[PDB]
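As structure tokens, one chain now follows by itself in the form deposited in one PDB entry.
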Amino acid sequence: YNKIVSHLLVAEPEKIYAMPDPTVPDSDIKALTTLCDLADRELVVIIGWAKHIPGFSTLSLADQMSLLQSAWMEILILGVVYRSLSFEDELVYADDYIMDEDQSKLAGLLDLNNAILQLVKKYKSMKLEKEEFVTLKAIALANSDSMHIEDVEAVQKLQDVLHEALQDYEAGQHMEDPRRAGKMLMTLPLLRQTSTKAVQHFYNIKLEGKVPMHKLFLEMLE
């Protein structure tokens, strides 16, 4: 069994409850608040998680920040996708916050949650395993295509190392499909597309708040 995959499995953060405020009337604002508060907590643990990825900490702080800046929404989305694989037309943002179509409509997230469900659909068909999920999260971080990378070569080595882990996993676990690793890689474009739209929506409705995201990753990394 592949050691990087094993390591990523033990580095996996614990479940986080959303705790929607039971005193607040249901509304689009309440849904967005709940999601913002959930994501902020998730981002803190994502930063800690990334430090476990072999080679990530040896990048400059600027490069670590750049990768995180570019990847954070993909990592959040891949999480909700994975959590939702055993459900039907619903998204498990947390065990206590499962969004059906009516809820998504109410939150103004129909189009976005429908795209996320498209990711779910594909991964259900492919029978996405936890091992594959955690490896793809790490790959999405390393492959996030920041336009501000200092050490392009080191970031490529990190991509290489993680891709190798996925290939080695699939070679051992899935001999019935010698192309499964590539199929997994071919799911990344839809994740990127969905993230891109989610981030556009995030800025369009001003969820970023008073303090820029750049400084937030700084505080947490420094």
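Between two forms, the rigid core is the largest collection of C-alphas that superpose within 1.5 Å. The first residue of the sequence shown is number 1, and the count goes up from there.
One more form of this protein should be noted, the form solved in complex with a partner chain, which is absent from this view; the next part is about it.
47 is the sole member of 53, 38, 47, 31 with a non-hydrogen atom lying within 4.5 angstroms of the partner chain in the deposited bound form. Annotated contacts: 9, 128 and 134 are all free of the partner chain in the deposited bound form [non-hydrogen atom within 4.5 angstroms]. The partner chain is not drawn, but in the deposited bound form it has no heavy atom within 4.5 Å of residue 221. Of the heavy atoms in residue 216, some are within 4.5 Å of the partner chain in the deposited bound form. Heavy atoms of residue 61 reach within 4.5 Å of the partner chain in the deposited bound form, making it an interface residue.
Under a 4.5 angstroms non-hydrogen atom cutoff, the partner chain in the deposited bound form has residue 69 among its neighbouring residues. Here residue 214 counts as shifted, since its C-alpha moves by at least 2 Å between this form and the one not shown after the core is aligned.
Core-aligned CA deviation for residue 11 between this form and the one not shown: 2 Å or greater. Superposition of the core reveals a Cα shift of less than 2 Å for residue 199 between this form and the one not shown. Relative to this conformation, a decrease of 3 Å or more in the Cα-Cα distance between residue 217 and residue 196 is found in the deposited bound form. A shift of at least 3 angstroms brings the Cα atoms of residue 213 and residue 99 nearer to each other in the deposited bound form than in the displayed structure.
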